[PDB]
Each structure stands twice: as C-alpha cells, then as structure tokens.
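Heads up, the thing below is written out as structure tokens.
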Protein chains: 6
Amino acid sequence: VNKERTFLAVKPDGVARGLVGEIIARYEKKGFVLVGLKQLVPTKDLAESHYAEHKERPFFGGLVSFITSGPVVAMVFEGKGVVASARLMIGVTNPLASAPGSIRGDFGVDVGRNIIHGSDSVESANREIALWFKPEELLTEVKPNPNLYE
Amino acid sequence: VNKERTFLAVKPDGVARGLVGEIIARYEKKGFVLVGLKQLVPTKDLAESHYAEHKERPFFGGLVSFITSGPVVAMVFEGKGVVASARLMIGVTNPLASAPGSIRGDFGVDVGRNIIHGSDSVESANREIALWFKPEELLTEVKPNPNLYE
Amino acid sequence: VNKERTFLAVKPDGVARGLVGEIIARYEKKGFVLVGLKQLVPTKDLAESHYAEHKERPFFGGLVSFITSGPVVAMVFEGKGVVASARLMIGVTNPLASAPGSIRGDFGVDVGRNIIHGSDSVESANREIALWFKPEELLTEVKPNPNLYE
Amino acid sequence: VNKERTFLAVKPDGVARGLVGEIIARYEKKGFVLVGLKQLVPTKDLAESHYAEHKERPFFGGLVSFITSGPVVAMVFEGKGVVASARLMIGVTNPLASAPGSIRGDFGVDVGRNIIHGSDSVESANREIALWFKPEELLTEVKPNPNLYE
Amino acid sequence: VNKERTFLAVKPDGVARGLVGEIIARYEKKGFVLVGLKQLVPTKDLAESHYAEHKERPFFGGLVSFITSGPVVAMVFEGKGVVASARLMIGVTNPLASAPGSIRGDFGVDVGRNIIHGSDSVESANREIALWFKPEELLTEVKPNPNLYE
Amino acid sequence: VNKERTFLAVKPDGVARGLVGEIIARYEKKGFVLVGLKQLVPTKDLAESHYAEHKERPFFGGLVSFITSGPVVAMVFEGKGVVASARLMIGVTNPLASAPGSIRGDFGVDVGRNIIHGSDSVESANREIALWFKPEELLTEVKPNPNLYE
Ligand SMILES: Nc1ncnc2c1ncn2[C@@H]1O[C@H](COC(=O)CP(=O)(O)O)[C@@H](O)[C@H]1O
C-alpha cells in the first residue's frame, strides 16, 4: 500500500550544520509525502524510549546526551515502501562506509554524528511515529499523485 | 540586533509542489537559524487572524479559503535583519516580476499562487509568530554559526 | 491568459558547453510547460529568417554563420507572461552585465556567445515559433501543475 | 569505440514531474554527447514496436497505453560504453531498490512510474534509435572532446 | 581584452563555513579561468598591505586581525571584464542588501563577515595579484574554451 | 584518529572541464577539512616520483605526460578515515563502472581521463603529501568541529 509511513529525524548535528532543507528536499524529490513535521529539543525520556533497543550498549549514555543536546527536526513521510527506501537514501550506520549519493555518505564522517535517523522497520516506524507525534499533528488527507503511482 | 525573528510560511501551493526543503535550505545557507518549524492545516480562525488586515477587502475570503485548503509548513527564522532579508530573498508579490535568484523569481508564475509568505515587518513578525506558534515550540537557546557575526 | 507561448533556443555555444539540461530545468522549475523541443543544426535560410530584422546591419552575417555552425536546441514554453519572464530569466544582452541568478549572469562572459535566445515579445514569439516548429511538433493538450495558477 | 549510442526516453511521468532538464543535465555532465532530441506524443504502433520484447506479457498493454498517454522526451546520447553507463545512471527496474545518486533512486517510488527508459544493449539501442528517430534528426558531426577521451 | 585578471579571496569565515568549492565553482561555471590558487594564513604585513586604503580607519585593525585569524583561499581568475563581473557576482558590501543569486546575497548576513574579497578595479587587481602571488604561481598559458569568446 | 590526511589531485582533465569547485565542495560538505591547496603545472620530476610505483610498467610514460600536460589542483584533506573515504567518493578506476553519486561516476567516461587522483592508503598519502606540498603550505592545528566528531 502507498500509505506506509516512516519516522525520520535530522539529529542535532544535522540541524546545527544547516542540512534540514537539503534532507527534506531529497525526500520530496523522491516522491514521498510529508505528513508530519516539527522542530523540538528531545527530552531525556523521549531519547531513551526512542533508542530503547540500545540501552544496553556502552555508547547509550552519550547517544541520549547528544540527541537531547540541541534541536531535532522530526518528520513523517508517506509512500510505498518508504521505510526501507528512506533507509537506502540514508546509507548505513557508519557514514564513512555510506556510499556517495546517500545522506550519510555525502555529509558524515563519524558514527556518533551521523546526521539523521530513519525507522528500520514498519513496526519500529509505527512505534516511533506514535512516540514523537500526536495524532492531530499528522495529515489524514494525502491524495495519491497519479504521476508517482500506477 | 542579531536576534530579530521573522515568520515564514510555505503556503499550500508551495508544499504541494515540493518546495519545502528548497526554501528551508535557502534560509539555512544564508545563515539564519530555525527557531520554530511545523506542518499544519490552518484552521479558519487562524487564517482569518493571519489576514485580519484584509478582512474588509474583497479578496479576503479567497486568501482564507486557500491557506486552509491544504498543508502549510510554518517556520520562524532568527538572525540580523532577517525580516527584511527574508522578503528580499522571496522577491516581490508578483513572481513574474521577481528576479531570477529569488524564490518567486525561480519558482512562481502567478501572484495568486506565490508559494510563500514572509512577515512584512518586525511588528507583523512578532504578531504572526505568537499567532502561529506556542512559546514551547520556539527555541530559547539559539546561537548561530560562530563565523556569521562579527 | 496562461496560454501565452515563447520561443527559446540554446545556441551553438550553450549546447557545446553542456547547458541544455540546466536551462530546460530552470524553465520547468519556474512552472512553464514545454510544448515543443528538438535539436537541429539550423539551415542558412532558417537563420536568415530568424534574424531577418537585422538583415541590413553589418553583424547580420556573423549571427547567421554562428547559429548555423553547430547543433541548437530549440524549444517552446507555455505559461502566464512566459515571454517577458523568459527574458528576465535569461538576463541582458551582455552576460557580463547580467545579474547572478540569470542564465547569462551565471554562465556567460561574451555578448557574441550569449548562450541562449528568447523572443522579445508575443508577436516575435508567434513568428519565431511558426518559423522553427511545424504545428504537429507542438502540444495541443497542456494541463500544467494545478498549483501554479489561481 | 566512443561512437557508441543509446536511446533514452523520459516517459510521460518524468515529463509531467518536470524532470526533463535534470535528466538531460546528468548525461551532459557525465560527458556523453546529445546527438538526437525531441518531444513527441508516441503513437500506438511506435510504442508496440518499442516494447516488442513484452508483446506476450499481460503488462504489455499498460506499458503501451502509458507511454502513449502524454508527451515524451526522446533522446540519443553518444559516447564510450554509453549504453551500459546510461542504465547504471538510471538505476534498476524498481526505483525503490535503486541506490541514491541514480535517477530512479533519487526521484522514483514505483515500478509502473519509473520515469525513464534506456536501451538495455547495443543491439536494442540501434533498434530503438532507428524506431524513434529519422536519420536527419541525428548529428553526424560529433567531434570527441580531448578532455573526455584519451 | 579577455586577458584581464582579478584577485579573489575566500576570507576566514568563508573557508570556515565550507564555501570554498561553491565559490570556485561559480566562477568556473561563468567561464573565467583559474590562473592562481592557494590556501594560506595571511601574515600581518600582508593583511596591512592588502588593506592599505583603510590604513587610517577605526575598522582597519579589525580587518587585519580577522583576515589573519585563519586560513584564506587566495585565487586569481582571468577573462573578459572579470574584475567588474566578479564584483557583480559577489554582491555588495552589506550581504543583507545583496540580491539573491549573488555570493553574499545567498550566504552572508553580516558586513563584518561578508565571506569573500574581490578586486574593485584593474588597478587594484594588478596590485593585489602581485602582493599575494609570486610570478611562478600564475599560469602563463591560458587559451580558454572557444565557446566562450567570439 | 581524526587527524588522518590524504592527497587529492584534480588532474588536467578535471581542471580543464571546470570541475575544481564541484570536487572541493564535495569534500567540504562531507566534513573533511582542507589543510593544503594550490594550483600548479607539475614538473616531470614530480610526476615520475608521484607515479614511482609504475616506473617499469608500459603505461608509466602516458600517466607522466598527461599529469604534466596542464594545470593541476593539488590538495590535502584531513579527517577520520579520510583516505579510504575519499576513494569511495571518487568511485573506481573506470569511470564507466563508477556508481552515480561518485565523482567519476557522475563526470567521467574514460579511464584515461578519470578526473582525479586520491591516495590509496595512509602510507601513500603521507608519501604524496610530502611530495606535492612543503610543510609550510599545510595547516598545523585544526581542532575537531564539535558537529562532525564525538
Ligand atoms: N559504535 C557506536 N558508537 C557510538 N554511537 C553509535 C555506535 N553505533 C551506533 N551508534 C549510534 O546509534 C544510532 C542507532 O544505531 C542503529 O542501529 C540505527 P542506525 O545507525 O542504522 O540508523 C546510530 O544512528 C548512531 O548514532
């Protein structure tokens, strides 16, 4: 279904380096629809819930500290296979190993400063979307673009 | 003052044409800092308050009906002379008469669909910011690139 | 009316320098619709007709020889006030005096190699279009982006 | 041989989305020479021959119907290994599986609306070029750029 | 003459903000030829000589301090009317008052951090070039693209 | 360490095709810091020392003649795993097989004119750096950008 959604967030570094517009544009050009958007400074609880999967890792503390150190631009994009697609457009965890053309590939050089976050699954996406946004903050009316889908 | 703020809104036509990222990026590259950002579908009340100065004018109903016809990306930028600078970057009311390099000059062809709105003055800016954003949705700690201001 | 049309031609220098896509892209982003397009090496007669207004001036011979010296990308764009707008987007006769953001301003340095030609008025355009394209090479069904016009 | 040629076509969805210039530019920047170019609305017979390899498949009718539903920008590019290079620049059949940096990777989201067509082999290229372009519409004078080739 | 040259320098703020490539590319795209290029940390004597015309002003000391506060990318471009053209491409002293499309108009917000320096006349250009570059650091043979000059 | 450095050279073909700024900008956007830069016409001595590993191979003379055929823009970038990273951003030896998004992938069509050179290892980078630059021409301290590194 062309109604799948994923949660994307331009991290503090991405926001501080002026890459918000660059990132949003890449997703608009791709053909995905922005159904949620807002800037906020993540709280400690939000950070830890968002990254609950890593709470046991040694870098968890620093991860939470950094994600809450400055503004973050939270977004929700909609479209067929958007979750996996958005991840492909991002690259891989280590920006140095991310291919040119991908977001991390073009702008990052450190895993601890990898510019952006993207849901890794539909299940994670639904959970993350519900975590960062309120229902009222998400569009309900999209309208399929006949130029993007058959 | 380097902390002046201005309200900018990518109107329905701008959002539908996928110009949100492009516009945000132009202001980021300029050196202005994003202090507020969100997508919403303006309520009729909000719209009427926004265009209040035109309530007695014939086209009032039209402006209100359009800005509420679909999603709008609202934002607030901060930096020296941002109010005047932001509109210079936009061009003039008529995108056809706007010079290449400006937003309307590069992307618009109809004054009735001129893509974006920028506060016409500091006074209107302060008024629109308080109207479109709640205090908690605006950064309190800014600090732009240290290479921007003397 | 939003049905106005203008004739644009990327001259031998613009083509040789790889500016075809760049130019076409600017008009597409502006919102104008491509209603005609083709690459050709102009004939002596085609050229003499195109510059017919200068048939008496000494430089006439030069203009004819250059435009027929290599491939040219001829095109027709449609939209409100496209004629005047196209020229504004191109810049002024002398690229050195053309403002940054305009085509000549960004890519030209010589009046004799000014990259592109744009009709100077609606009557010159209708004449130029009929001269360079056969009616069957021009679209009759336009239907541009619905977010461009009020 | 640097005289190799491939047939490329921006299908109706690519034209409708204003991606003609962007695509043309990519190939120009790559170093391939444009030897043929024109916009036209393909006819049913041209389309069926073009998609001959699929005449026995159920999606044949749809492919034919779509490519003939609106304007298409047909082009021919010349250069060393242009056929395979052009496809690599396009990405893969499914835009969602196409890597960022490629045309489909950056702008497509559905196999049925994958923006562009490119010859899959030299045999197909020669066959397609002959189908879409008359000999008169193709340059005979190319002239290799010393900066591009050894 | 098309042999005219000008002296351009990306000041410490421009280098610090990652605008070196962007700037060089604008002049390259314009058609001007790079005849001298190098990054260095200007000494006080170089700085004071460069700004000799302001030697008896209150802002002098400040200009000398900043231009010597970090790496600068000094360069020399050659082409017809390059001096005036380069200035036009830069904008005006005050970036906020610089039109969109110009370097300062697109990237600056403070007159004290206006990104780049450009010679204001052939006289000063010939002086600045000799001040910043040694003979052996400048190309002797240029001969630019024949598609740029008639 | 985040102080690793690599040598990059925009060879004669890259400079001639006006790709200097485009390439510099790619590395700047990536987060790598320019610690050395200058344009020069390599002497035969420098060229042979640069390509020393192939002195006894058939193609040695060719590589030497070409890199000394015109101006070259030599540079040194610094950052975590910059050596390996810069090569990933370059693509592969054969530009035709280089993926879209990489430098050679987006701009080259011939192995003999593959635009740029990047050190293949840390050992060779250090060798090349000392070969092309004098210590005085390289920045000493850089200080890690808090936005780029942990
Ligand atoms: N070895 C590490 N040291 C420090 N920080 C690290 C490390 N690995 C991952 N991170 C950080 O955790 C985030 C989540 O990692 C994930 O598995 C998701 P992702 O990186 O693919 O987007 C990553 O995005 C990144 O910010």
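Ligands are numbered from 1 in the order shown, chains are lettered A, B, ... in the order of the structure tokens, and residues start at 1 in each chain.
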* To do: Using backbone DSSP assignments, extract all strand (DSSP E or B) residues from stretch 29-116 of chain D; output them as a PyMOL selection string.
  => chain D and resi 33-40+72-78+100+102+116
- Message: Residues within 7 Å of stretch 120-122 of chain F, please, as an MDAnalysis selection string. Count only C-alpha atoms; anything in the same chain fewer than 3 positions from it doesn't count.
- Response: chainID F and resid 83 125:126
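Residues from chain E found within 6 Å of chain F are residues 18, 21, 22, 24, 25, 28, 37, 38 and 39 of chain E, counting only C-alpha atoms.
All C-alpha atoms of chain B, paired in order with those of chain A and superposed by least squares, deviate by 0.7 Å RMSD.
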Show me which residues line ligand 1, defined as having an atom within 6 Å of a ligand atom where only C-alpha atoms and all ligand atoms count, and present them as a ChimeraX atom specification. /A:59,92-93,111-112,114,117-118
Please write the residues from the selection above to a file, keeping N, CA and C atoms, as an mmCIF file, in the first residue's frame.
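Output file result.cif follows:
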```cif
data_model
loop_
_atom_site.group_PDB
_atom_site.id
_atom_site.type_symbol
_atom_site.label_atom_id
_atom_site.label_comp_id
_atom_site.auth_asym_id
_atom_site.auth_seq_id
_atom_site.Cartn_x
_atom_site.Cartn_y
_atom_site.Cartn_z
ATOM 1 N N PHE A 59 27.700 2.951 24.402
ATOM 2 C CA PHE A 59 27.549 4.319 23.918
ATOM 3 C C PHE A 59 26.150 4.889 24.109
ATOM 4 N N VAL A 92 24.305 3.733 5.634
ATOM 5 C CA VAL A 92 24.450 2.749 6.705
ATOM 6 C C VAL A 92 24.929 3.443 7.978
ATOM 7 N N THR A 93 24.897 2.727 9.097
ATOM 8 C CA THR A 93 25.295 3.284 10.393
ATOM 9 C C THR A 93 26.571 4.127 10.379
ATOM 10 N N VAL A 111 30.292 8.016 13.262
ATOM 11 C CA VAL A 111 29.090 7.287 13.649
ATOM 12 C C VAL A 111 28.295 8.015 14.741
ATOM 13 N N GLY A 112 28.993 8.761 15.594
ATOM 14 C CA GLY A 112 28.332 9.493 16.666
ATOM 15 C C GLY A 112 27.737 10.810 16.200
ATOM 16 N N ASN A 114 26.069 11.031 12.858
ATOM 17 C CA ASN A 114 25.619 10.544 11.563
ATOM 18 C C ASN A 114 24.410 11.248 10.959
ATOM 19 N N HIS A 117 18.275 10.061 11.510
ATOM 20 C CA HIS A 117 17.728 8.780 11.940
ATOM 21 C C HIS A 117 16.536 8.396 11.063
ATOM 22 N N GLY A 118 16.425 7.108 10.755
ATOM 23 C CA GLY A 118 15.315 6.615 9.959
ATOM 24 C C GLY A 118 14.845 5.279 10.515
#
```
Using only C-alpha atoms, the residue out of C:13, C:78, C:45, C:141 with shortest distance to residue C:1 is C:78
What lies within 7 Å of stretch 46-52 of chain B using only C-alpha atoms, ignoring chain neighbours under 5 positions off, as a PyMOL selection string? chain B and resi 64+67-68+128
Task: DSSP helix (DSSP H, G or I) selection over stretch 41-141 of chain C, as a ChimeraX atom specification - done: /C:44-50,52-54,60-67,82-90,95-97,103-107,122-132,135-137
Next, write the just-selected residues to a file, as a compact mmCIF listing (two decimals), in the first residue's frame, keeping N, CA and C atoms as the atom set.
```
# COMPACT_ATOMS: atom_id res chain seq x y z
N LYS C 44 20.86 27.78 -43.40
CA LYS C 44 21.18 29.16 -43.74
C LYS C 44 19.89 29.98 -43.78
N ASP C 45 18.89 29.47 -44.50
CA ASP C 45 17.61 30.17 -44.62
C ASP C 45 16.89 30.33 -43.29
N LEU C 46 16.83 29.27 -42.51
CA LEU C 46 16.17 29.34 -41.21
C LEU C 46 16.80 30.49 -40.43
N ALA C 47 18.12 30.51 -40.39
CA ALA C 47 18.85 31.55 -39.68
C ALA C 47 18.55 32.95 -40.21
N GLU C 48 18.64 33.12 -41.53
CA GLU C 48 18.37 34.42 -42.13
C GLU C 48 16.97 34.92 -41.83
N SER C 49 16.02 34.00 -41.69
CA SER C 49 14.64 34.37 -41.39
C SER C 49 14.57 34.78 -39.93
N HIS C 50 15.17 33.97 -39.06
CA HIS C 50 15.18 34.24 -37.63
C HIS C 50 15.71 35.64 -37.32
N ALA C 52 16.00 38.04 -39.50
CA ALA C 52 15.54 38.90 -40.58
C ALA C 52 15.55 40.39 -40.26
N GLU C 53 15.24 40.74 -39.01
CA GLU C 53 15.20 42.13 -38.60
C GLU C 53 16.56 42.83 -38.67
N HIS C 54 17.64 42.05 -38.70
CA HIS C 54 18.99 42.59 -38.76
C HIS C 54 19.65 42.39 -40.12
N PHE C 60 24.87 41.09 -39.07
CA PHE C 60 23.90 40.09 -39.51
C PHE C 60 24.60 38.83 -40.02
N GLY C 61 25.64 39.02 -40.84
CA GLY C 61 26.36 37.89 -41.38
C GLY C 61 26.95 37.01 -40.29
N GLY C 62 27.44 37.65 -39.23
CA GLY C 62 28.03 36.91 -38.13
C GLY C 62 27.01 36.06 -37.39
N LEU C 63 25.88 36.67 -37.05
CA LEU C 63 24.82 35.97 -36.33
C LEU C 63 24.33 34.74 -37.08
N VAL C 64 24.26 34.85 -38.41
CA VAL C 64 23.79 33.74 -39.23
C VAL C 64 24.79 32.60 -39.28
N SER C 65 26.06 32.94 -39.44
CA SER C 65 27.11 31.94 -39.51
C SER C 65 27.27 31.17 -38.20
N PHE C 66 27.18 31.87 -37.07
CA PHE C 66 27.34 31.21 -35.79
C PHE C 66 26.19 30.28 -35.41
N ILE C 67 24.96 30.72 -35.62
CA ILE C 67 23.81 29.90 -35.24
C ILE C 67 23.66 28.68 -36.13
N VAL C 82 4.95 34.19 -20.00
CA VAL C 82 6.20 33.49 -20.25
C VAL C 82 7.21 34.28 -21.08
N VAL C 83 6.72 35.06 -22.04
CA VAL C 83 7.61 35.85 -22.89
C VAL C 83 8.51 36.78 -22.09
N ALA C 84 7.90 37.70 -21.35
CA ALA C 84 8.66 38.64 -20.54
C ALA C 84 9.47 37.92 -19.48
N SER C 85 8.86 36.91 -18.86
CA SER C 85 9.51 36.14 -17.81
C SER C 85 10.76 35.41 -18.31
N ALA C 86 10.64 34.77 -19.47
CA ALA C 86 11.77 34.05 -20.04
C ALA C 86 12.97 34.97 -20.22
N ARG C 87 12.73 36.17 -20.74
CA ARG C 87 13.81 37.13 -20.96
C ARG C 87 14.45 37.56 -19.64
N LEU C 88 13.62 37.78 -18.62
CA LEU C 88 14.11 38.18 -17.31
C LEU C 88 14.99 37.07 -16.74
N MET C 89 14.63 35.83 -17.02
CA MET C 89 15.38 34.68 -16.53
C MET C 89 16.70 34.52 -17.27
N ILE C 90 16.74 34.97 -18.52
CA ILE C 90 17.95 34.88 -19.33
C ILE C 90 18.96 35.94 -18.89
N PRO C 95 26.14 39.32 -21.16
CA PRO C 95 26.21 38.47 -19.97
C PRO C 95 27.05 39.03 -18.82
N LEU C 96 28.06 39.83 -19.14
CA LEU C 96 28.89 40.40 -18.09
C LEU C 96 28.09 41.36 -17.22
N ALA C 97 27.06 41.96 -17.81
CA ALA C 97 26.21 42.90 -17.10
C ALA C 97 24.95 42.23 -16.57
N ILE C 103 20.50 33.29 -16.42
CA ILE C 103 21.29 32.33 -17.19
C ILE C 103 22.62 32.91 -17.69
N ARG C 104 22.56 34.05 -18.36
CA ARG C 104 23.78 34.67 -18.86
C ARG C 104 24.63 35.15 -17.70
N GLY C 105 23.97 35.63 -16.65
CA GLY C 105 24.68 36.12 -15.50
C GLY C 105 25.55 35.05 -14.87
N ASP C 106 25.02 33.83 -14.80
CA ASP C 106 25.73 32.70 -14.21
C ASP C 106 26.68 31.97 -15.15
N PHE C 107 26.41 32.01 -16.46
CA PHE C 107 27.23 31.25 -17.41
C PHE C 107 27.90 31.96 -18.58
N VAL C 122 5.44 38.99 -27.71
CA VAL C 122 4.47 38.00 -28.14
C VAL C 122 4.41 37.86 -29.65
N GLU C 123 4.49 38.97 -30.37
CA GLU C 123 4.44 38.89 -31.83
C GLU C 123 5.69 38.25 -32.40
N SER C 124 6.86 38.56 -31.84
CA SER C 124 8.09 37.96 -32.33
C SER C 124 8.08 36.46 -32.02
N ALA C 125 7.52 36.12 -30.86
CA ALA C 125 7.42 34.73 -30.42
C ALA C 125 6.53 33.91 -31.35
N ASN C 126 5.33 34.40 -31.63
CA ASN C 126 4.42 33.68 -32.51
C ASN C 126 5.05 33.48 -33.87
N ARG C 127 5.83 34.45 -34.31
CA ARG C 127 6.50 34.36 -35.60
C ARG C 127 7.65 33.36 -35.53
N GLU C 128 8.42 33.43 -34.44
CA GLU C 128 9.55 32.53 -34.27
C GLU C 128 9.10 31.09 -34.11
N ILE C 129 8.03 30.88 -33.35
CA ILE C 129 7.51 29.54 -33.13
C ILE C 129 7.07 28.90 -34.45
N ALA C 130 6.37 29.67 -35.28
CA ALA C 130 5.89 29.18 -36.56
C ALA C 130 7.05 28.91 -37.53
N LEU C 131 8.13 29.66 -37.36
CA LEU C 131 9.31 29.53 -38.20
C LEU C 131 10.13 28.28 -37.86
N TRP C 132 10.35 28.04 -36.57
CA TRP C 132 11.15 26.90 -36.12
C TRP C 132 10.44 25.56 -35.93
N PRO C 135 3.32 22.87 -36.81
CA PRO C 135 2.23 22.72 -35.84
C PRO C 135 2.15 21.34 -35.16
N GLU C 136 2.49 20.29 -35.90
CA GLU C 136 2.43 18.93 -35.36
C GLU C 136 3.51 18.62 -34.32
N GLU C 137 4.46 19.53 -34.16
CA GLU C 137 5.54 19.30 -33.20
C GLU C 137 5.25 19.99 -31.86
```
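Atom CA of residue D:72 sits 6.7 Å away from atom CA of residue D:9.
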